[PDB]
């Protein structure tokens, strides 16, 4: 009941190594990675392990920091806005499937605020 995770490599996609993309890996992702609340987001949702077979009935564009990290390490992105957009998908997924109040949402909201704070200023 687990779909194939998002791709982390795609030879036919044009890639760039921009300064902002390096920053997103170095500074932004690797900071969020170490947060107390990062652990549920460090790998795809395992609907089987969690016995939540309804998760992928609801969430149709899955994303996680582990996938984003692998995309960054593999230079998958063209620009930073593309990466940021995957971050936003991850957070939105969590808010979609869960409800205000839920502990997983407090974690997501907390990570998000750190995330927004970190990307408020990107390198030139």
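Whichever C-alpha set is largest while still superposing within 1.5 Å between the two forms counts as the rigid core. Numbering follows the first chain given and starts at 1.
Relative to the displayed structure, the C-alphas of 51-59 lie farther away on average in 8 other deposited structures of this protein than those of the other candidate, with 51-59 and 82-90 compared after rigid core superposition. Taken in 8 other deposited structures of this protein and fitted on the core, 111-119 and 18-26 differ in how far their Cα atoms move from the shown form, and the one that moves more is 18-26. Judged by mean Cα B factor in the deposited record, 28-36 ranks above the other of 57-65 and 28-36. Comparing 15-23 with 101-109, the higher mean C-alpha B-factor in the PDB entry belongs to 15-23.
Residue 80 sits in the middle third of its chain by CA B factor, as recorded in the PDB entry. When all modelled residues of the chain are sorted by CA temperature factor, residue 4 is found within the highest third. Among all modelled residues in its chain, residue 52 ranks in the highest third by Cα B-factor.
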